[PDB]
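Asks:
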Amino acid sequence: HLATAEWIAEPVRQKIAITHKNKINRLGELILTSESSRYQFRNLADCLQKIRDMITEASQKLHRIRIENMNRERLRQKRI
Amino acid sequence: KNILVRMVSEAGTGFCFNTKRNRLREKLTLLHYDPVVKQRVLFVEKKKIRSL
Amino acid sequence: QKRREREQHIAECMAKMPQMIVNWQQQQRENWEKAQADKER
Amino acid sequence: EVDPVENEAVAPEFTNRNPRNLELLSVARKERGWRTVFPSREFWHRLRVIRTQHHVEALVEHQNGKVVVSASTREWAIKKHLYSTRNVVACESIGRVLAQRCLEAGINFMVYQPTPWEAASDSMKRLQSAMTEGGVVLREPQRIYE
Amino acid sequence: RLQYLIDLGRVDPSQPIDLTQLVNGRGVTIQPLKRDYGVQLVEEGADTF
Amino acid sequence: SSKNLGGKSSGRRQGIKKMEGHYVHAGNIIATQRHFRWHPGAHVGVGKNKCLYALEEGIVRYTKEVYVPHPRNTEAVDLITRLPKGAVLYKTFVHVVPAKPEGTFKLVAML
Amino acid sequence: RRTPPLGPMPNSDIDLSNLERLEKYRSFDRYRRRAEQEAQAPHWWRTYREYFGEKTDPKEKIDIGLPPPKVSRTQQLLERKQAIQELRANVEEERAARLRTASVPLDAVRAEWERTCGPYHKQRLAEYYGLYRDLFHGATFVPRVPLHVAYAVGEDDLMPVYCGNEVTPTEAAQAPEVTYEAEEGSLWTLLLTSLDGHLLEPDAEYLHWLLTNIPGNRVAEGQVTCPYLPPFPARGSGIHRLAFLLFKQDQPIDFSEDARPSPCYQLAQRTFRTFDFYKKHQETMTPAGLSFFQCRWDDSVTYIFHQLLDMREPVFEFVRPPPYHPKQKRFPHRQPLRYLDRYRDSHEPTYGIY
Amino acid sequence: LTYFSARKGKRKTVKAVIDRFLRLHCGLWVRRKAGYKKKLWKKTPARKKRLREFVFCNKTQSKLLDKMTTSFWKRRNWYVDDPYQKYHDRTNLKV
RNA sequence: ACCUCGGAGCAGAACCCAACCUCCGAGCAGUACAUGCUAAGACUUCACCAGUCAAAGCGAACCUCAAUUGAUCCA
Ligand SMILES: [Mg+2]
Ligand SMILES: [Mg+2]
Ligand SMILES: [Mg+2]
Ligand SMILES: [Mg+2]
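Protein chains in written order, with the entry's author numbering: chain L7, 104 to 163, 174 to 193; chain Lg, 14 to 65; chain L8, 112 to 152; chain LR, 34 to 179; chain LO, 100 to 148; chain La, 38 to 148; chain Ll, 27 to 380; chain Li, 94 to 188.
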């Protein structure tokens with residue numbers, strides 16, 4: 104549960120929520136999966152390294178979407 | 014009439030490549046891609062190997 | 112020491128590099144100018 | 034056991050029937066090949082300009098041959114405001130109307146394939162400039178193969 | 100292999116394990132004439148050890 | 038005597054490698070040719086020895102289409118612009134009809 | 027061995043006698059034009075159009091629309107031409123045309139484009155997008171009523187749904203303001219449906235609005251037989267189609283079998299089929315307007331799945347089929363260690379019995 | 094080759110085979126391409142890569158090399174950082 | 001007299017096909033300096049060696065030609 108994770112600071116917790124809301128379930132918990140090895144030891148180590156990377160970054174196609182959003186603005190331009 | 018020449022990079026990486034040039038032409042200097050520095054850098058000639 | 116010396120030499124050459132880029136390029140376009148003068152002759 | 038919600042029955046494979054679906058996801062096939070002949074048919078949408086003796090006409094057309102959008106000096110809408118229907122002013126007006134119509138319809142990218150004299154002609158330069166400032170991009174994005 | 104030997108009782112866990120114990124339990128064969136330098140402990144079956 | 042020399046070269050083993058209806062995977066060479074006998078069509082690429090290979094996976098179909106060369110192809114455009122009016126050139130083209138879709142959307146999570 | 031041709035040969039009607047005396051293509055453009063008409067010709071041999079082109083039935087898709095408006099062509103062209111010579115008699119128009127500095131009023135051009143020829147173009151766009159195949163199973167109509175629909179966003183902003191622009195469900199979350207020029211005493215029906223977006227049925231769609239029995243241009247006093255649900259395309263599911271259908275109703279029609287309840291947040295109840303609904307009510311209304319748009323997933327989409335619909339949000343992803351990799355040989359004669367890596371399963375070391 | 098030596102009465106190994114080829118324990122023989130360091134100024138880059146590849150052998154050539162090498166070269170070797178530990182074995186091979 | 005390589009006929013239409021059979025050539029030249037790296041799938045001169053085309057990807061940019069050639073050891 105990301106919100107009730109007292110070992111994570113408040114602003115980095117909010118940054119994690121707004122950055123990885125696509126991995127937050129409806130019950131408000133973060134989900135992380137690893138399937139990169141046939142050892143659960145290495146899979147769990149990968150998952151923990153993902154958590155550590157998320158915490159440290161919170162502490163610290175795109176062209177197509179940009180151009181279509183610009184065209185949506187150019188259609189959006191009409192006021193009352 | 015032509016010659017094979019070895020051109021060494023000016024980046025100091027020791028990278029080098031062989032090209033052909035006419036014998037009557039002057040000493041060659043080109044812009045060739047150096048894979049050590051990942052950048053297109055100057056290569057000057059440094060040796061002549063064999064006659065073509 | 113050997114690795115640091117090689118990296119320092121490479122860094123020095125790459126630091127000096129863009130000026131040789133631009134003056135070799137102006138030399139090449141001067142070769143073009145001499146060639147077009149000679150074929151104008 | 035927890036009673037499952039009768040709404041939560043989701044099919045394990047989604048069937049998106051939009052013909053523009055994979056095209057707008059850039060995973061749809063472009064018809065590669067035809068390397069010997071002209072024009073190239075590796076596109077999704079194509080701008081085709083027909084400059085007749087009396088009229089200047091423009092299509093935006095799929096690879097299928099289906100016409101998506103058209104704009105012509107044949108139409109009253111254009112004839113009311115051109116002095117003549119065969120000028121570069123004509124071509125720029127057609128391009129401005131077609132650009133807002135492609136904006137209008139959702140076609141943001143298209144491939145324009147002019148022959149050299151058309152491309153060097155002032156009318157087509159004015160045309161593509163009008164298209165670009167109208168808001169469409171005349172270069173389609175690359176397909177995501179992987 | 101190590102867990103198999105321990106369960107079948109050929110290797111005693113209550114005493115320190117080395118090459119003499121492994122060879123006496125016949126879990127490994129060592130040929131020093133064939134340039135073997137010993138036993139490498141590899142990671143297979145770490146999930147059930 | 039017999040002052041004729043040379044002419045001892047073997048056959049090139051060229052020609053069609055994949056006929057009609059043959060299931061062809063991506064990159065399979067369809068035809069090898071010394072001149073442009075068969076032309077590339079849909080989802081068929083051409084390699085610099087003018088070989089024909091499949092760009093997609095599917096079924097090989099040979100059709101006969103009109104021939105419009107590129108306006109920079111000088112000799113072909115010369116032949117076009119010297120052709121009489123009412124006439125059109127036809128060439129044999131090779132297509133690959135893709136059998137499989139590009140992919141499917143399937144459920145992976147219930148977030 | 028020869029076989030006679032099954033029809034006329036292509037370059038057969040050209041006289042081969044006076045080939046110096048015949049007229050000639052001197053133009054690549056002229057040849058390209060002639061070759062394009064010849065490519066569009068049917069032909070009796072095998073063709074790229076035969077193998078790749080789409081094969082519709084020769085059904086001559088039935089018009090289910092309103093009759094076209096009638097105009098007087100003679101006075102129409104008289105007014106055309108007199109406007110043209112007035113503009114040509116304007117001297118500064120010729121100067122601007124020669125100096126390449128003239129311009130064209132886009133808003134007037136657009137507005138009377140929907141007045142004259144906008145309906146046929148709109149029919150062509152919606153045929154290209156495939157609503158008449160999907161919504162209407164082939165039957166076509168020309169949308170003869172300009173259906174302007176916009177979404178109030180911000181306090182001064184609004185989103186027009188024109189004929190397939192992308193509108194995010196943030197902009198589509200609340201009800202859209204609708205207008206369409208109309209006369210008193212004529213009844214209407216407005217419909218919004220999501221074609222692509224059914225999570226279970228590959229054939230069915232979702233109702234989002236079923237406003238019925240509209241007195242006129244005023245839209246707010248009709249019977250709301252289903253509340254407006256903003257569109258919900260899932261994550262990674264691609265781009266979906268949402269269609270507004272406007273229907274001219276002559277008589278009043280009861281909608282009791284098709285009245286969704288007070289707020290209806292069940293997709294099973296919101297299941298919909300324009301084919302069946304217009305089949306049941308065919309003798310009553312006739313379609314006259316059509317505007318549609320495209321939508322992608324959004325955070326508002328996450329909000330409607332979680333809070334409103336009471337759902338765990340489905341997530342889809344686009345997966346490619348596995349690569350070919352032919353049957354593995356015991357002796358890969360001139361292949362590399364990469365061939366062995368092609369047939370490898372796991373990237374970690376294995377040790378077998380050791 | 095020598096089938097029975099003069100001193101030991103044992104089969105001998107052809108060292109030329111040992112110095113040119115690598116035998117994976119599965120039964121495959123790896124080799125290099127002939128002339129992969131010859132006339133590279135003549136050779137095109139695709140041809141240069143094709144020559145730089147490490148390629149396998151025939152069943153016929155593999156059986157021939159197995160006959161010229163003794164059984165010492167066919168044993169299983171547990172080297173420290175052998176870059177062919179992956180390729181010593183076959184995976185998913187059906188007949 | 002020839003010995004290696006390529007094109008055309010013989011060998012008319014998938015492939016292949018000989019003669020101290022009939023003709024023509026080759027043992028380069030020109031451009032470039034990403035003529036970088038890597039990698040699915042194939043072709044193959046009837047074996048092998050050798051040879052040939054190439055999707056995608058990284059990095060950039062925004063080759064012609066028909067043969068035009070020589071293994072290993074060793075230097
Ligand atoms: Mg011959
Ligand atoms: Mg022969
Ligand atoms: Mg072979
Ligand atoms: Mg590529």
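Each residue gets a CB set at the ideal place from its N, CA and C atoms; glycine is no exception.
Given a threshold of 16 other Cβ atoms within 10 Å of its Cβ, counted over all protein chains shown, does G137 (chain LO) qualify as buried or as exposed?
Replies: Position 38 of the fifth sequence, counted from the first residue, corresponds to residue 137 (chain LO). Label assigned to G137 (chain LO): exposed.
Asks: Buried or exposed: where does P149 (chain LR) fall if 16 or more other Cβ atoms within 10 Å of its Cβ makes it buried?
Replies: Along the fourth sequence, one-based indexing puts residue 149 (chain LR) at 116. Exposed, because fewer than 16 other Cβ atoms sit within 10 Å of the Cβ of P149 (chain LR).
Asks: So, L335 (chain Ll) versus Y304 (chain Ll), is the Cβ gap smaller than 8 Å?
Replies: Walking along the seventh sequence from the start, residue 335 (chain Ll) turns up at place 309. Walking along the seventh sequence from the start, residue 304 (chain Ll) turns up at place 278. No, these two residues do not count as a Cβ contact at 8 Å.
Asks: Which bits of chain Li does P358 (chain Ll) rub up against, with CB to CB less than 9 Å?
Replies: Along the seventh sequence, read from residue 1 onward, the residue named residue 358 (chain Ll) stands at position 332. What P358 (chain Ll) touches in chain Li: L121, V148 and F149.
Asks: Would a C-beta distance cut-off of 8 Å place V83 (chain La) and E57 (chain La) closer than the cut-off?
Replies: Within the sixth sequence, residue 83 (chain La) is the residue found at index 46, counting from 1. Within the sixth sequence, residue 57 (chain La) is the residue found at index 20, counting from 1. Their beta carbons are not under 8 Å apart, which means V83 (chain La) does not touch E57 (chain La) by this criterion.
Asks: Let me check you understand the geometry: is the CB of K45 (chain La) closer than 7 Å to at least one non-hydrogen atom of ligand 2?
Replies: The residue labelled residue 45 (chain La) in the question sits at position 8 within the sixth sequence. Result yes, Cβ under 7 Å from ligand 2.
Asks: List, in order along the chain, the chain Ll residues whose C-beta lies closer than 7 Å to that of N185 (chain Li)?
Replies: Here residue 185 (chain Li) is taken as the residue at index 92 of the eighth sequence, counted from 1. Within chain Ll, the residues near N185 (chain Li) are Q354, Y369 and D371.
Asks: Kindly indicate the opening and closing residues of the alpha helix (DSSP H) around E120 (chain Ll).
Replies: The residue given as residue 120 (chain Ll) occupies position 94 in the seventh sequence. Unbroken alpha helix (DSSP H) run through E120 (chain Ll): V117 to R124.
Asks: Please list the terminal residues of the continuous beta strand (DSSP E) segment that includes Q275 (chain Ll).
Replies: Against the seventh sequence, residue 275 (chain Ll) aligns to sequence position 249. Start and end: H266 to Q275.
Asks: Could you check what DSSP says for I379 (chain Ll) in three-state terms: helix, strand or coil?
Replies: By 1-based counting over the seventh sequence, the position of residue 379 (chain Ll) is 353. The answer is coil: DSSP assigns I379 (chain Ll) none of H, G, I, E or B.
Asks: So which of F342 (chain Ll), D367 (chain Ll) and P362 (chain Ll) has the shortest CA-CA distance to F142 (chain La)?
Replies: Locating residue 142 (chain La) in the sixth sequence gives position 105, counting from the first residue. Considering only alpha carbons, the answer is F342 (chain Ll).
Asks: Under 8 Å by Cβ, that's how I've got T219 (chain Ll) and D324 (chain Ll) pegged, so tell me the actual separation to the nearest angstrom.
Replies: Locating residue 219 (chain Ll) in the seventh sequence gives position 193, counting from the first residue. Locating residue 324 (chain Ll) in the seventh sequence gives position 298, counting from the first residue. The Cβ separation is near 19 Å, so there is no contact.
Asks: Do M143 (chain LR) and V93 (chain LR) come within 8 Å of each other at the CB atom, strictly closer than that value?
Replies: Residue 93 (chain LR) sits at position 60 when you count from the first residue of the fourth sequence. Residue 143 (chain LR) sits at position 110 when you count from the first residue of the fourth sequence. Contact flag set, yes.
Asks: With a threshold of 16 other CB atoms inside 10 Å of the CB of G167 (chain LR), please say whether the residue is buried or exposed.
Replies: For this step, residue 167 (chain LR) is matched to residue 134 along the fourth sequence. Buried.
Asks: Could one say the Cβ of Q117 (chain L7) lies closer than 8 Å to chain LO's Cβ atoms, at least one of them?
Replies: For the purposes of this step, residue 117 (chain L7) is identified with residue 14 of the first sequence, where counting begins at 1. No, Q117 (chain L7) lies away from the interface with chain LO (no Cβ there is under 8 Å from its Cβ).
Asks: Please tell me whether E23 (chain Lg) has its Cβ less than 8 Å away from any Cβ of chain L8.
Replies: Residue 23 (chain Lg) sits at position 10 when you count from the first residue of the second sequence. Chain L8 contact via Cβ: present.
Asks: Between the alpha carbons of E231 (chain Ll) and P256 (chain Ll), how many angstroms are there, rounded?
Replies: Counted from its first residue, the seventh sequence places residue 231 (chain Ll) at position 205. Counted from its first residue, the seventh sequence places residue 256 (chain Ll) at position 230. Cα-Cα distance, rounded: 14 Å.
Asks: Within its chain, find whatever has a CB closer than 8 Å to the CB of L37 (chain Lg); leave out the 5 residues flanking it on each side and keep chain order.
Replies: In the second sequence, the residue the question calls residue 37 (chain Lg) occupies position 24. Taken in chain order, the list of residues that qualify is empty.
Asks: Tell whether a beta-carbon distance below 8 Å holds between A128 (chain Ll) and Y178 (chain LR).
Replies: Walking along the seventh sequence from the start, residue 128 (chain Ll) turns up at place 102. Walking along the fourth sequence from the start, residue 178 (chain LR) turns up at place 145. No, the pair does not count as a contact, with Cβ atoms beyond the cut-off.
Asks: Label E64 (chain LR) either buried or exposed according to how many other C-beta atoms from any shown protein chain fall within 10 Å of its C-beta, with 16 as the threshold for buried.
Replies: In the fourth sequence, residue 64 (chain LR) corresponds to position 31, counting from 1. By the neighbour-count rule (16 or more Cβ atoms within 10 Å), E64 (chain LR) is buried.
Asks: With DSSP run on the structure shown, which of helix, strand or coil describes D47 (chain Lg)?
Replies: Looking up residue 47 (chain Lg) in the second sequence gives position 34. Three-state result, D47 (chain Lg): strand.
Asks: Can you list, in chain order, the residues of its chain whose CB lies under 6 Å from that of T100 (chain La), leaving out five sequence neighbours each side?
Replies: Position 63 of the sixth sequence, counting from 1, holds the residue named residue 100 (chain La). Here the set comprises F130.
Asks: Should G168 (chain LR) be flagged as near chain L7, meaning a C-beta pair shorter than 8 Å?
Replies: Here the question's residue 168 (chain LR) lines up with position 135 in the fourth sequence. Yes, its Cβ sits closer than 8 Å to a Cβ of chain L7.
Asks: Using the beta-carbon of each residue, which ones in chain Lg are nearer than 7 Å to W135 (chain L8)?
Replies: Residue mapping note: residue 135 (chain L8) aligns to position 24 of the third sequence, counting from 1. Simply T42 and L55.
Asks: Does DSSP put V135 (chain Ll) in a helix, a strand or coil?
Replies: Here residue 135 (chain Ll) is taken as the residue at index 109 of the seventh sequence, counted from 1. Here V135 (chain Ll) sits in helix by DSSP.
Asks: For a test of the three-state rule: what should DSSP assign to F303 (chain Ll), helix, strand or coil?
Replies: Indexing the seventh sequence from 1 puts residue 303 (chain Ll) at position 277. Looking at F303 (chain Ll) - three-state DSSP - the assignment turns out to be helix.
Asks: Would you give the residue range spanned by the alpha helix (DSSP H) that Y154 (chain Ll) belongs to?
Replies: Here the question's residue 154 (chain Ll) lines up with position 128 in the seventh sequence. Taken as a continuous stretch (DSSP letters only), the alpha helix (DSSP H) holding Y154 (chain Ll) covers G144 to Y155.
Asks: Would a check of beta-carbon distances place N128 (chain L7) closer than 8 Å to chain La?
Replies: Position 25 of the first sequence, counted from the start, is the residue given in the question as residue 128 (chain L7). Answer yes: the Cβ-Cβ gap between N128 (chain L7) and chain La drops below 8 Å somewhere.
Asks: Just reading off the alpha helix (DSSP H) that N239 (chain Ll) is part of, what are its end residues?
Replies: If you number the seventh sequence from 1, residue 239 (chain Ll) lands on position 213. Note, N239 (chain Ll): premise wrong, no alpha helix (DSSP H); beta strand (DSSP E) at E231 to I240.
Asks: Just by C-beta distance, which residues in the region 131-152 of chain LR are closer than 7 Å to chain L7?
Replies: The residues in question are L136 and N141.
Asks: What's the call for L157 (chain Ll), buried or exposed, on a 16-neighbour Cβ count within 10 Å?
Replies: Taking the seventh sequence and counting its residues from 1, the one referred to as residue 157 (chain Ll) is at position 131. The residue in question, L157 (chain Ll), is buried, as its Cβ has 16 or more Cβ neighbours within 10 Å.
Asks: Could you give the distance in angstroms between the alpha-carbon of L272 (chain Ll) and the alpha-carbon of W235 (chain Ll)?
Replies: By one-based count along the seventh sequence, residue 272 (chain Ll) stands at place 246. By one-based count along the seventh sequence, residue 235 (chain Ll) stands at place 209. Their backbone Cα atoms lie some 11 Å apart in a straight line.
Asks: Measure the C-alpha to C-alpha separation of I111 (chain Li) and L135 (chain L7) and round it to an integer number of angstroms.
Replies: Looking up residue 111 (chain Li) in the eighth sequence gives position 18. Looking up residue 135 (chain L7) in the first sequence gives position 32. Each residue's Cα considered, the two are about 51 Å apart.
Asks: Indicate whether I67 (chain La) and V61 (chain La) have their beta-carbon atoms separated by less than 8 Å.
Replies: Taking the sixth sequence and counting its residues from 1, one reaches residue 67 (chain La) at position 30. Taking the sixth sequence and counting its residues from 1, one reaches residue 61 (chain La) at position 24. Contact: yes.
Asks: List in chain order: all unbroken beta strand (DSSP E) runs of 3+ residues lying wholly within the region 294-376 of chain Ll.
Replies: Runs of the beta strand (DSSP E) inside the region 294-376 of chain Ll: 311-321 and 341-345.
Asks: How long is the line joining the alpha carbons of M337 (chain Ll) and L144 (chain Li), rounded to whole angstroms?
Replies: As a first step, residue 337 (chain Ll) is located in the seventh sequence; it is residue number 311 there, counting from the start. As a first step, residue 144 (chain Li) is located in the eighth sequence; it is residue number 51 there, counting from the start. For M337 (chain Ll) and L144 (chain Li), the distance between alpha carbons rounds to 59 Å.
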